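Asks: The structure under discussion is supplied below as C-alpha cells; questions concerning it will follow.
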Amino acid sequence: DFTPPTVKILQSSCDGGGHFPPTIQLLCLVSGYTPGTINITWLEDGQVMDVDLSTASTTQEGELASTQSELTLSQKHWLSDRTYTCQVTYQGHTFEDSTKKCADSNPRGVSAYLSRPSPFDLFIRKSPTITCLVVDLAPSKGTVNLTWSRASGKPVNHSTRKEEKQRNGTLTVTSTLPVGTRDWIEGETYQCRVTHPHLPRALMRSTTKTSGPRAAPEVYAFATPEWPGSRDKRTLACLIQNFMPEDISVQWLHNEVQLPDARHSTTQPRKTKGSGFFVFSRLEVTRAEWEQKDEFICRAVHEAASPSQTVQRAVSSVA
Amino acid sequence: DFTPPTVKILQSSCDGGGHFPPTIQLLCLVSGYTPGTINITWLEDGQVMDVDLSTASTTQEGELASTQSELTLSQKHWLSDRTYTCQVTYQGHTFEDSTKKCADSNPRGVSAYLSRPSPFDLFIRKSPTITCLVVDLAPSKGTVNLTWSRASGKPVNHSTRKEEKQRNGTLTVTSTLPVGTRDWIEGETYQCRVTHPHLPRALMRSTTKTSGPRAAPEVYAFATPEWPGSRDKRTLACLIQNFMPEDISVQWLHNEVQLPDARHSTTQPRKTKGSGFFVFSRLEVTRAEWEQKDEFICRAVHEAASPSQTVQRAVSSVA
Amino acid sequence: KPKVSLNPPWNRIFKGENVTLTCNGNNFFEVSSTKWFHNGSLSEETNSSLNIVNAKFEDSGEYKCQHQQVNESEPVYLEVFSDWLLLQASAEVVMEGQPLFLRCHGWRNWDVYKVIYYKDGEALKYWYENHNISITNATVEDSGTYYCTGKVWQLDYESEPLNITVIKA
Ligand SMILES: *[C@@H]1O[C@H](CO)[C@@H](O[C@@H]2O[C@H](CO)[C@@H](O[C@@H]3O[C@H](CO[C@H]4O[C@H](CO)[C@@H](O)[C@H](O)[C@@H]4O)[C@@H](O)[C@H](O[C@H]4O[C@H](CO)[C@@H](O)[C@H](O)[C@@H]4O)[C@@H]3O)[C@H](O)[C@H]2NC(C)=O)[C@H](O)[C@H]1NC(C)=O
Ligand SMILES: *[C@@H]1O[C@H](CO)[C@@H](O[C@@H]2O[C@H](CO)[C@@H](O[C@@H]3O[C@H](CO[C@H]4O[C@H](CO)[C@@H](O)[C@H](O)[C@@H]4O)[C@@H](O)[C@H](O[C@H]4O[C@H](CO)[C@@H](O)[C@H](O)[C@@H]4O)[C@@H]3O)[C@H](O)[C@H]2NC(C)=O)[C@H](O)[C@H]1NC(C)=O
Ligand SMILES: *[C@@H]1O[C@H](CO)[C@@H](O[C@@H]2O[C@H](CO)[C@@H](O[C@H]3O[C@H](CO)[C@@H](O)[C@H](O)[C@@H]3O)[C@H](O)[C@H]2NC(C)=O)[C@H](O)[C@H]1NC(C)=O
Ligand SMILES: *[C@@H]1O[C@H](CO)[C@@H](O)[C@H](O)[C@H]1NC(C)=O
Ligand SMILES: *[C@@H]1O[C@H](CO)[C@@H](O)[C@H](O)[C@H]1NC(C)=O
Ligand SMILES: *[C@@H]1O[C@H](CO)[C@@H](O)[C@H](O)[C@H]1NC(C)=O
C-alpha cells in the first residue's frame, strides 16, 4: 500500500494581447508520492518524442518526493491542435494526463472511412477482412447504428465491433467484417451504412476491387555503407515500383521469421511519371541481427504478382 | 545595485477536449534572485484583489531564492476577458507581468499560413524569402492591410503583395518578403499581420527558426540494376537521413547542371525511430542521358551541413 | 378564387419541420369552412389553416385547398428532404421585380459556415457565415439552376441543385 500520486499539467500563458509566446512550455507536475523509481514520457498524438526535447527534475522534502517535467514546443505545433500526453510510470503502474490547445468552441462532426483488405491478408493469411472506421462522432445519447450489406443482396457474415474513447474526447467506433476471398477477388462490392438519430441523413461508404489494369511489382533492396558513428546501425531500404493497382503490402523477413510491421517504415503509394506506383520501405537493423543472419528479405504481396501473389528479394549487408 | 527579479505567469490546463475546468489556477513564478523582502499582489483589471484569494510561498537553493504565488479564479472570470496582473515588489521596486484570455487565430473562418525559407533558396541562391498566404477572405471592397515586422523592431524590406479571386468565389492574398540570410540564421522571428475592415480584430502569424538540436544529414545514393525489357530506362534512389531539424531541400544534378524539379519525386520528411528525419528521392533516367554523362549527383541542402550547408553524393548507373 | 399561402413561405423543408398552409381570397362568399387535398385525397381538416406538424417523407407532394366556391385553388407543391444542406428558396417561378430570398439551410437550425452560392456553375457570392441572398429585381437572366456548398461541423456538404426560372410579366 502506497499513497496515490496525482498528475496535472500547467502551460505557458499567452500574453496581454492574446498572443502566444514564441515557444510553449508544458509543465507536468507529479505531486507527493512514496519514494521510488519514476519515468516520465511525453507523447504527441500518442507517439513517443525523443527524450532530448524535454527535461525532468525530482526533489525530496522530508519523507515525500515531488517530480516535475518540462517540454518545449514551437508555437506552430501548438497552434496545429495536436494533443499531448504526460505519461508517468511508477512502480509498474501507469498514470496519465492529456492536453491540447485550448479553444473557445470545439465543433466536430462524424466522418467515416472504409478500407480494402490488405494483399497480405488476402493471399498469405488467406483471411481477408474489411474495416469501416467512424471517427469524430459527438458522444451523444445512444449507440450508433452500423450495418453491412452487399450490392448483390447475398448474406453478410457476422462482424465484430469495438468502441473506444479517445484522448481528444471523441468516441471512435471500428467495425471489422470478414469477406470471402473468392467473393472479393471476383469483384463483389461491400457497403458500410452508418445511421444515428441525431444525424441528418445516413452516411454511406462502399468498397470494391480496383477496376484498373494490372502490372507486377519490380523490387530492389539496398543497404547503406559503413562509415563512422553508425558502426552498429546499417539502415536497409527497399524500392517497390511499376505495379498496378496501387494496393500493396510490404514486409521484411529475416531468418525464417517475419519481423513485426512496427520495426520498419513505409511510404504511401505515389504515381510514377510514366506507368504505375511506387513505395519505399526503410528498416533500421542492429549488429546482433546481421550477426545472427545477414540475409534480409524484402517481400511484397500484390494482386498482380506471379505465380502466387508474392515477390521477394534478398540483400546481404556485407556484400 | 539593482537586482532585477524575473517574472513569469503559468496557468492551469483545459482538458483534452478543450473545455475549461471549474476553476483556473494562475501560478506567478519569481525564479532565481538575491534574497530579500518580497510582496506579490494580483490585480484584475488594475484593482488590488483581496489577500485571501491567493497564497504565496518561498524556497531557497544555494544563493538563489525562488518564490511562487497561486491565484484561483472562477471559470466565468477567466472567460470574461479581464486582464490579470502579477505585481512583484522587491526591495521597494515594482516588477509586473500580465495575462488575459487567449485568442484562437481564426476569427471569421479566415486562414493564414506562413512558410519558412527553403534551404535551397537560403544557402545556394543566397536569396531567402518567406511567404505569407491568407485564404478564404471575402471579395469585398476595401484593401487588406498587410504589414510585416520583426519582434526586435529592426527594419524589413518591401514585399510582393498580390491578391487574386479564386474560381470558388474566395479571395487569397499572398506576399513574399526577402529576408537577410544572417538575420534568419541567427534566429530572428518574422511576423505577418493582416487587417480587414470586416474582421473584428487583426490577425497575425509568426515564424522563426527551430529551437531543437542540430544534426547534419547522411546522404546515400544507389542505382537500380537493369530490369529485363527496360534497356533504355533506369531509376536512381537517394536516401537522406538522421538530420535535424526537418527542413531540407533535395536537388539532382547532371553534367554540373541542376535537373528540373518535375523530373524527380521526393517524399515529405518523416521521423525515424530515433533521432532525426528521413526522405527518399527517386529519379528515372534515360539511355541518352547516361550515355551523355553517366554520373548523377544527389545533393541535399540542410541548415546543419558543414562547411556550406550542403552535402552531396554522386552515383554511376553502370557501376 | 383563393390562393394558397405558406408560413414560413418556403415550399422546401427538412424532415421534422413544421409549416402551416393558409389559403384565402376575395371575400365574395363569407369564410365558413375549407376543404384540403393532399396528393388528391380529401384531408380531414375544416379550419382555414392546416398545420402540417413534424414532416414525414410521405408529407411530400401536391397540396391544395378549396372553399364553398365552384373552382379550386392551384396545386402548390411541397418537397420534403432529409440531407445536410437544403438551399431553400422563396418561390420557384417569379415575375421580374418581385423579392427573391435564398437561404442555404442546415439540419435543425445548425450553423453552416464558409457558405458559397453557385448560379449555373459560377460562384455568385461567398460569405464567412450563412447569409441570405436577396434580389429585389430578379432579371430574366436570373433564371438558373442554383446550389450551395457549405461547411457544417467542419465537414463539407453540397446541397441538391434546384432550377428556377423567371418569366416576363
Ligand atoms: C481525435 O483522435 C482520433 C484518434 O486519435 C482521431 O481519429 C483519426 O481520424 C483520422 C481521419 O479523421 C483517421 O485517419 C484515417 O485513418 C484510416 C485508417 O487507415 C489505417 O489502416 C489502413 C489499413 O487498413 C492503413 O493503410 C492506413 O495507413 C491507416 O493506418 C485511413 O484509412 C484514412 O485514410 C483516408 O484518408 C486519406 C486522407 O487522409 C485518404 O488519402 C485515404 O484514401 C482514405 O480515404 C485516414 O487516414 C485516423 O486513423 C484516426 N485515428 C485513429 C487512431 O484511428 C481524430 O481525428 C481526432 N480528432 C481531431 C479533431 O483531431
Ligand atoms: C476556395 O478556393 C481556394 C483556392 O481556390 C481555397 O484555398 C486553398 O486553401 C487550402 C487550405 O487552406 C490551401 O492549401 C494549403 O496549401 C499550402 C501551400 O504550401 C505550399 O508550400 C508547401 C511547402 O513548400 C508545400 O508542401 C505545398 O504543397 C504548397 O506547395 C500548404 O502549405 C497548406 O498546408 C496546410 O495544410 C496542411 C495539411 O494539408 C497542414 O499540415 C499545414 O500545417 C497547413 O495547415 C495548405 O495545404 C490551398 O493552397 C488554397 N488554394 C490556393 C490556390 O492557394 C479555399 O480553401 C476554398 N474555400 C473553400 C471554402 O473551399
Ligand atoms: C404524394 O405524392 C408524392 C410524390 O408523388 C409522394 O412522395 C414520395 O413519398 C415517398 C415515401 O412517402 C418518398 O420516398 C422516400 O422514402 C424512401 C424510403 O426511405 C427513400 O428511398 C426515398 O429516396 C424518399 O426519401 C418519395 O421521395 C416521395 N417523392 C417525392 C417527389 O418527394 C407521397 O408519398 C404521396 N403521398 C401519398 C399519401 O400518396
Ligand atoms: C410543430 O408544431 C407544434 C404545434 O405548435 C409545436 O408544438 C412543435 O414544437 C412544432 N415542431 C417543432 C420541431 O418545433
Ligand atoms: C433569411 O431571411 C429570413 C426572412 O426573410 C430570415 O428569417 C432568415 O434568418 C434569413 N437567413 C439568415 C441566415 O439569416
Ligand atoms: C431545371 O434546369 C435544369 C438545367 O438544364 C434542367 O435539366 C431541368 O430539367 C430543369 N427542370 C425542369 C423541371 O424543367
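Where a number appears in this text, it was derived from the coordinates with a stated rule and is not lab data. Note: ideal-geometry Cβ built from the backbone for every residue, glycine included; neighbour counts use all protein chains shown.
Asks: For chain A, divide the Cα radius of gyration by the Kirkwood radius and give the resulting Rg/Rh value with two decimals.
Replies: Working: Rg = 24.9 Å, Rh = 24.1 Å.
For chain A, the value is 1.03.
Asks: In the P(r) worked out for chain C, what percent of Cα pairs fall beyond 25 Å? Before the final figure, lay out the partial values.
Replies: Numbers: 5689 of 14196 pairs.
Percentage above 25 Å: 40.
Asks: Helix-only mean residue ellipticity at 222 nm, the protein assembly as shown, DSSP H runs n ≥ 4 weighted -39,500 (n - 2.57), per residue, nearest 500. What is it? All intermediate terms of the calculation are to be shown ahead of the outcome.
Replies: On the way: 7 runs with 37 residues, N = 807.
Calculated mean residue ellipticity at 222 nm is -1000 deg cm²/dmol.
Asks: Next up: With N set to the number of residues, divide the alpha-carbon radius of gyration of region A:1-102 by 2.2 N^0.38 Å and report two decimals. Don't skip to the end; give the middle numbers.
Replies: Values: Rg = 14.6 Å, N = 102, 2.2 N^0.38 = 12.8 Å.
Compactness ratio reported: 1.14.
Asks: Next question, about the same structure. Pairs of Cα atoms under 8 Å, at least six residues apart: use those to get the relative contact order of chain A, whole percent.
Replies: Working: 642 pairs, mean separation 36.4, N = 319.
Over chain A, the number comes to 11 percent.
Asks: I've got another one for you. Can I get the semi-axes of region B:111-208's equivalent ellipsoid? Compute them from the C-alpha gyration tensor as square roots of 5 times the eigenvalues, in angstrom, largest first. Don't skip to the end; give the middle numbers.
Replies: Working: eigenvalues 136, 46, 20 Å².
Computed over region B:111-208, the values are 26, 15, 10 Å.
Asks: Positive end of the dipole of region B:111-208, charges at C-beta (+1 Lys, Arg; -1 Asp, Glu), about the Cα centre: which of B:122, B:153, B:173 has its Cα farthest in that direction?
Replies: Final value for the positive-end residue is B:173.
Asks: Continuing with this model, one more query. In region A:1-102, with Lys and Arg counted as +1 and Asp and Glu as -1 at Cβ, which of these residues, A:94, A:47, A:5, has the Cα nearest the positive end of the dipole, that is, farthest along it?
Replies: Positive-end residue among those listed: A:47.
Asks: Take C:95, B:204 and order them by how many other Cβ atoms sit within 10 Å, fewest up front.
Replies: Numbers: C:95 11, B:204 20.
By the 10 Å Cβ count, ascending: C:95, B:204.
Asks: If you take the alpha carbon radius of gyration of the protein assembly as shown and divide it by 2.2 N^0.38 Å, what ratio comes out, to two decimals? Before the final figure, lay out each step's value.
Replies: Details: Rg = 33.2 Å, N = 807, 2.2 N^0.38 = 28.0 Å.
Relative to the rule-of-thumb radius for its length, the protein assembly as shown sits at 1.19.
Asks: Please work out, to two decimal places, the log10 of the ratio I(q)/I(0) at q = 0.13, 0.19, 0.20, 0.26 Å⁻¹ from a Debye calculation in which every Cα of region C:63-123 carries one identical scatterer.
Replies: Log-scaled intensity ratios, in q order: -0.57, -0.95, -1.00, -1.22.
Asks: Just list whichever of A:100/B:154; B:8/B:154; C:35/C:119; B:101/B:162; A:209/C:125; B:8/C:114 have alpha carbons separated by over 29 Å in the model shown. Numbers along the way, then the final one.
Replies: Numbers: A:100/B:154 34 Å; B:8/B:154 26 Å; C:35/C:119 39 Å; B:101/B:162 34 Å; A:209/C:125 41 Å; B:8/C:114 39 Å.
Listed pairs above 29 Å: A:100/B:154; C:35/C:119; B:101/B:162; A:209/C:125; B:8/C:114.
Asks: Can you sort C:81, B:278 so the residue with the fewest Cβ neighbours within 10 Å comes first?
Replies: Working: C:81 18, B:278 23.
Fewest to most other Cβ atoms nearby, the residues stand as C:81, B:278.
Asks: Another question about this same structure. In nm to one decimal, list the spacings between the residue A:288 label point and its equivalents in the other copies, with label points set 7 Å along Cα to Cβ, shortest first.
Replies: Label-point separations across copies, in nm and ascending: 5.5.
Asks: In region C:3-64, what trypsin sites (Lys or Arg not before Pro) fall in a loop by DSSP, with at most 16 other Cβ atoms inside 10 Å? Show your work: numbers first, answer last.
Replies: Details: sites: C:3, C:12, C:15, C:35, C:56, C:64; in loops: C:15, C:56, C:64.
Those satisfying the criteria are C:56.
Asks: Using the crude model of +1 on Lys and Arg Cβ and -1 on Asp and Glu Cβ, and no other charge, please compute the dipole size for chain C relative to its Cα centre, in debye to 20.
Replies: Numbers: 14 positive and 22 negative charges, 53 e Å.
That gives chain C a dipole magnitude of about 260 debye.
Asks: Further question: Quote the relative contact order of region A:1-102 in percent (integer), defining contacts as alpha-carbon pairs under 8 Å separated by 6+ residues.
Replies: On the way: 197 pairs, mean separation 30.9, N = 102.
Value for region A:1-102: 30 percent.
Asks: Just to confirm a number: summing +1 for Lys and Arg and -1 for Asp and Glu over residues other than residue A:148 whose beta-carbon lies under 14 angstrom from that of residue A:148, what do you get? Could the numbers behind the result be given before it?
Replies: On the way: positive: A:150, A:154, A:161, A:193, A:205; negative: A:183, A:188.
Local charge sum for residue A:148: +3.
Asks: Grab the eigenvalues of the alpha-carbon gyration tensor for region A:241-319, scale each by 5, take roots, and send me the semi-axes largest first in whole angstrom. Working shown, then result.
Replies: Working: eigenvalues 125, 37, 25 Å².
In descending order the semi-axes read 25, 14, 11 Å.
Asks: Still on this structure, please answer the following. Considering every pair of different Cα atoms, what Kirkwood radius, in Å, is found for region B:201-291?
Replies: Values: mean 1/r = 0.0638 Å⁻¹.
Averaging 1/r across every pair of different Cα atoms and inverting gives 15.7 Å.
Asks: Could you compute the net charge surrounding residue C:72? Neighbours are other residues with a C-beta less than 12 Å from the C-beta of residue C:72; K and R count +1, D and E count -1. List each step's numbers first, then the result.
Replies: Details: positive: C:1, C:3, C:35, C:64; negative: C:62, C:74.
Spelling it out: positives minus negatives among the neighbours equals +2.
Asks: Now, a different point. For region A:120-191, which GluC sites (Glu not before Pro) pass both filters: DSSP loop (anything but H, G, I, E, B) and at most 14 other C-beta atoms within 10 Å?
Replies: For GluC sites (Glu not before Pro) across region A:120-191 that sit outside H, G, I, E and B with at most 14 neighbouring Cβ atoms in 10 Å, the list reads A:186.
Asks: Right, here's the next one. Within region A:84-172, which trypsin sites (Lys or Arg not before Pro) sit in a loop by DSSP and count at most 11 neighbouring Cβ atoms inside 10 Å?
Replies: On the way: sites: A:100, A:101, A:108, A:125, A:126, A:141, A:150, A:161, A:162, A:165, A:167; in loops: A:101, A:108, A:125, A:126, A:141, A:167.
Qualifying residues, ordered by number: A:126, A:141.
Asks: State the Kirkwood hydrodynamic radius of region C:1-84 in Å, one decimal place, computed from all pairs of distinct Cα atoms.
Replies: That comes to 13.2 Å for region C:1-84.
Asks: Here is a follow-up. To the nearest 20 debye, what is the magnitude of the charge dipole of chain A about its Cα centre, counting +1 on the Cβ of each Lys and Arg and -1 on the Cβ of each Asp and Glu?
Replies: Details: 34 positive and 33 negative charges, 324 e Å.
Charge dipole, chain A, about its Cα centre: 1560 debye, nearest 20.
Asks: Does region A:87-160 come out rounded, prolate or oblate by the C-alpha gyration tensor, with a ≥ b ≥ c the root eigenvalues, rounded set by a/c under 1.5 and, if not, prolate when a/b is larger than b/c and oblate if not?
Replies: On the way: a/c = 2.67, a/b = 1.51, b/c = 1.77.
It comes out oblate by the Cα gyration axes.
Asks: Same structure again: May I ask for the Rg/Rh ratio of region C:82-169, computed from Cα atoms with Rh as the Kirkwood radius, given to two decimals? Mind showing how you got there, number by number?
Replies: Numbers: Rg = 12.9 Å, Rh = 13.2 Å.
My calculation of the ratio gives 0.98.
Asks: Compare the Cα positions of C:116, B:84, B:36 along the charge dipole of the protein assembly as shown (+1 at Cβ of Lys, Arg; -1 at Cβ of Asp, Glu; about the Cα centre) and return the one farthest towards the positive end.
Replies: It is C:116, whose Cα lies furthest towards the positive end.
Asks: Relative contact order for region A:210-319: what is it in percent, counting Cα pairs under 8 Å that are at least 6 residues apart? Before the final figure, lay out the partial values.
Replies: Values: 228 pairs, mean separation 36.3, N = 110.
Once normalised by length, the contact order is 33 percent.
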